[PDB]
2 protein chains.
Amino acid sequence: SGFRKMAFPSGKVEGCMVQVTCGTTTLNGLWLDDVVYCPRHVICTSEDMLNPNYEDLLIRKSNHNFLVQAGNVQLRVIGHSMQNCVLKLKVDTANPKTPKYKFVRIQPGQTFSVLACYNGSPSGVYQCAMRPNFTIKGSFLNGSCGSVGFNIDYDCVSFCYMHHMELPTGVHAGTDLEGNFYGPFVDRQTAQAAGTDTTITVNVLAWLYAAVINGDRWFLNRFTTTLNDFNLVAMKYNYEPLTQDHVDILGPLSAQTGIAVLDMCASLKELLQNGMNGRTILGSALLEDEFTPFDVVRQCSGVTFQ
Amino acid sequence: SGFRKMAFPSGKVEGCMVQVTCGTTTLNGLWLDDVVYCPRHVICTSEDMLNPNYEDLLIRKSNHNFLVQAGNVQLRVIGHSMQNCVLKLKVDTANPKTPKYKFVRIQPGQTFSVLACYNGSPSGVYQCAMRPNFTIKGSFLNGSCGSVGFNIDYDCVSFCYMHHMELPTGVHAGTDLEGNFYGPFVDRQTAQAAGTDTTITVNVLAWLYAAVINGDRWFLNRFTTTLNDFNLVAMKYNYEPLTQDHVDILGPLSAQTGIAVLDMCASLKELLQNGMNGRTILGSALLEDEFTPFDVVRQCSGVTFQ
Ligand SMILES: *c1nonc1-c1n[nH]c(-c2nonc2[N+](=O)[O-])n1
Ligand SMILES: *c1nonc1-c1n[nH]c(-c2nonc2[N+](=O)[O-])n1
């Protein structure tokens, strides 16, 4: 037993991380087959990024302007093109460590693992949830541009995030591997800011089920409530409305614990209304919303990857 | 910025994980050069482990009794020996993916990354602290025997933990890679239990410095206190005494923030005495003690590994 925020093993992604240098700018790139993917911001200069014209900036580039380093081996760039906010550098060498992979965009409320990287060298790995306002609460220092987020599903790496920048509140914004931002952000210097967030209700319920599975039961009660009566309490406390689809997603956990979804909603209602009165749940004094139903089933049942 | 519980990238360890099978028992092993290290409990049977005699159990074994599987390749065992609670299976093939490594024992209060594994297949990676009572608050399901804990330091993997078992309170116990238990536990079925824990005071102070670096300042104050006057408050709340050596360890963080160690002790004193009054620190409503000064400097400055 035990419940921990757990990232996927990062080896398959570590073997794809490279360093991309253009001019005086260095960031991380992702080397899969004979293409290196990185943020197009690598072609920007000190003045450029306020209203940079990336089309103009790219046409002024040559393949030799791009220095791509995979460990202590330099990769030769033979083509360059841009897809939205990502740059694609075609190289003369296919990555022999290319895992089976997909480019998938995730939904708000979903989780992924981040491999923090600097100068193409991986630094640490941690789990993030995509917030409802399309930011993530990460840990990124200067040089982390291009670090990727991913999930692993059997042996296939589904890449879903490439890091770009930090917003004024300290949260982080980036794109999918097609170069399309998550959220209303741009790869320009503006006073852009996150905008209002909400709590991911179904994940909180999933986490309460995780807690029951792990022996934390003090918050349970005999009461129930209706899905409509819960959702009226959810709005006062800035929780997302609950759907029958989310009730359906919680079915397996509800059956394994024998606690009806609607009963756990009653417990969440009292927790929101009364607080926790000095007690903790899975070592937390706060209701945690960064674990999906899948994450809970994964860790409270235990599948491994190859 | 941002502060996250962050594990080391796990690739170098993933490439060492194998499956060891003896009889009807299967667990994880660690393949380095031509040796596979695993818990000696793999040679135990249903009846054996109450007062098993491992010396007797091992002499009754042959090399062919040990099935070692590295992915979809079977390794041939050519020698076996026991070192304390670990089994060493010499195999005819040196692991071509062997990283530079060390076997190091850690201290209570120190952190490491755990690569959770099942049937030789890595599942997830997360950070753990060695508690003062020599347990860890992990996430392990059946089949996780032999999963290893480690730190990485430049390119060298320092292995410090091999997982054995779960105690009645849901916490976890294991050994170092020499097979010596952390704490007063044995690899026998007994009613052994964890015994009293305490909070790692220097880590809490490190985390408060992390919070200040990341813009959380509401808990700061003008007051100071003496090291002796702090330690008297620390005992009431079951915190470890503070040492000048811990003050010395906190020197760099104190200088970077300009907050004297003794002033942050004053802040911790008020937090313990008053609680947090509905506010949070680095997203937590509890004082967190599972980050070392090194962990904070790592993430609030940003070194990468190769
Ligand atoms: C790194 N990788 O992709 N984009 C980046 C990046 N670094 N800085 C920015 C940026 N975009 O808009 N404002 C900023 N900034 O303030 O650094 N993007
Ligand atoms: C797995 N790897 O190393 N040791 C193990 C293990 N599995 N079960 C035990 C054990 N030792 O004492 N009691 C138990 N038990 O209750 O399972 N060790």
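- The record names X-ray crystallography as the way this model was obtained, at a resolution of 1.60 Å.

- As named in the PDB entry, chain A is 3C-like proteinase nsp5, taken from Severe acute respiratory syndrome coronavirus 2.
- Under its PDB record, the entry appears with the title "Structure of the SARS-CoV-2 main protease in complex with inhibitor CID5573_0017".

## A short note on the pattern of salt bridges
All names here are of chain B.
Then step 1. What the rule picks out here adds up to 12 salt bridges over all chains.
Then step 2. Here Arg40 ties to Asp187 by a salt bridge, and the two come within 2.7 Å at their closest N and O atoms. Of this pair, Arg40 sits in the loop between β3 (35-39) and α2 (54-59) while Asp187 sits in the loop between β13 (172-175) and α3 (201-213); the two residues are 147 residues apart in sequence, bridging distant segments of the chain.
Then step 3. The buried category is assigned to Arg40, whose relative accessible area is 15%.
Then step 4. Note that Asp289 and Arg131 form a salt bridge whose closest N and O atoms lie 2.9 Å from each other. Taken together, the residues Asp289 in the loop between α7 (261-274) and α8 (293-299) and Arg131 in the loop between β10 (121-129) and β11 (148-153) connect sequence positions 158 residues apart.

## Here's the deal with the interface of chain A and chain B
Then step 1. The interface of chain A with chain B comprises 45 residues on the first partner and 45 residues on the second.
Then step 2. Connecting chain A to chain B are 0 salt bridges.
Then step 3. Taken together, chain A and chain B are joined by 27 residue pairs in polar contact.
Then step 4. For the side of chain A that touches chain B, the leading source of residues is strand β10 (residues 121-129) of chain A, giving 8 residues.
Then step 5. Counted by class, the side of chain A that touches chain B contains 18 nonpolar, 20 polar and 7 charged residues.

## A few points about the site of ligand 1
All names here are of chain A.
Then step 1. The environment of ligand 1 is formed by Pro39, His41, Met49, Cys145, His163, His164, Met165, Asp187, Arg188 and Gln189.
Then step 2. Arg188 is positioned such that a nitrogen or oxygen atom in its backbone is 2.7 Å from an oxygen atom of ligand 1.
Then step 3. Contact between ligand 1 and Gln189: an oxygen atom at 2.9 Å from a side-chain N or O atom of the residue.
Then step 4. In the complex, 80% of the free accessible area of ligand 1, which totals 390 Å², lies under the protein chains.
Then step 5. Looking at side-chain class alone, the shell around ligand 1 contains 4 nonpolar, 4 polar and 2 charged residues.
Then step 6. For the shell around ligand 1, the two domains that each supply at least three residues are domain 1 (1-14 + 100-197) and domain 2 (15-99).

## Topic: the packing of helix α3 (residues 201-213) of chain A against helix α7 (residues 261-274) of chain A
Residue and element names in this part refer to chain A.
Then step 1. Close contact between α3 and α7 brings their axes to 10 Å; oriented N to C, the two are set at 100°. Classified by the angle between their axes, α3 and α7 sit roughly perpendicular to one another. Note on element contacts: α7 touches α3 through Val261, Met264, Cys265, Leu268 and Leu271, opposite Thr201, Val204, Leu205, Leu208, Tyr209 and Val212.
Then step 2. In terms of residue class, the contact of α3 with α7 is built from 10 nonpolar, 1 polar and no charged.

## Comments concerning the pairing of strand β9 (residues 111-118) of chain A
All names here are of chain A.
Then step 1. Across the 8 residues of β9, 8 count as buried, placing the element largely inside the fold.
Then step 2. Here β9 shows a buried face lined by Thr111, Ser113, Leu115 and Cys117 and a second buried face lined by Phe112, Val114, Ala116 and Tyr118.
Then step 3. Inspection of the sheet shows β9 paired to β10 by 8 bridges, in the antiparallel sense. From the neighbouring strand, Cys117 faces β10, where its bridge partner is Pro122.

## Topic: the relation of the copies chain A and chain B
Then step 1. In the superposition of chain A on chain B (RMSD 0.0 Å, axial shift 0.0 Å), the rotation amounts to 180°. The superposition of one copy onto the other is thereby described by a two-fold rotation axis. Within chain A, the C-alpha atom positioned nearest to the axis of rotation is that of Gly11(A), 1.7 Å from it.
Then step 2. A shared interface surface links the copies, since 100% of the contact residues of chain A are contact residues in chain B too.

## Observations concerning the packing of helix α4 (residues 227-236) of chain A against α7(A)
Residue and element names in this part refer to chain A.
Then step 1. Two elements in contact, α4 and α7, have axes whose closest approach is 10 Å; the angle formed by their N-to-C orientations is 25°. Here α7 runs roughly parallel to α4, going by the angle between their axes. Note on packing geometry: the crossing formed by α4 with α7 is left-handed. Contacts from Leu227, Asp229, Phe230 and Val233 of α4 reach α7 at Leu262, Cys265, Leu268, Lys269 and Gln273.
Then step 2. Across the contact of α4 with α7, the residue classes tally to 6 nonpolar, 1 polar and 2 charged.

## Some words on the site of ligand 2
All names here are of chain B.
Then step 1. In the vicinity of ligand 2, the contacting residues are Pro39, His41, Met49, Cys145, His163, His164, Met165, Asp187, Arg188 and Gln189.
Then step 2. Within the side chain of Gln189, a nitrogen or oxygen atom sits 2.9 Å from an oxygen atom of ligand 2.
Then step 3. In isolation ligand 2 offers 390 Å² of accessible surface; the protein chains occlude 79% of this area.
Then step 4. With 3 residues, the top contributor of residues to the shell around ligand 2 is strand β12 (residues 156-166).
Then step 5. Tallied by class, residues from the shell around ligand 2 come to 4 nonpolar, 4 polar and 2 charged.

Conventions and cut-offs
- Residues numbered from 1 in each chain as written, not as in the entry; some residues may be left out.
- Chains lettered and ligands numbered in written order.
- Heavy atoms only, no water.
- Residues with missing side-chain atoms left out of burial classes, pairs and counts.
- Salt bridge = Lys/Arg side-chain N within 4 Å of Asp/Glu carboxyl O.
- Helix = DSSP H or I, 4+ residues; strand = E, 2+ residues; numbered from the N terminus.
- Buried < 20%, exposed > 50% of the residue type's maximum accessible area, 1.4 Å probe, protein only.
- Contact = heavy atoms within 4.5 Å.
- Polar contact = N/O pair within 3.5 Å; in protein donor to acceptor, adjacent residues only side chain to side chain.
- Nonpolar A, V, L, I, M, F, W, Y, C, P; charged D, E, K, R; others polar.
- Near = heavy atom within 4 Å.
- Areas by Shrake-Rupley, 256 points an atom, 1.4 Å probe, with all protein chains shown as cover.
- Domains from an automatic or database assignment.
- Axes fitted to C-alpha atoms, helices over the stretch in contact; angles between N-to-C directions.
- Parallel < 35°, antiparallel > 145°, perpendicular 65-115°, else oblique.
- Pairing = 2+ DSSP bridges.
- Least-squares fit on C-alpha atoms.
- Left-handed = near helix turned anticlockwise from the far one by under 90°.

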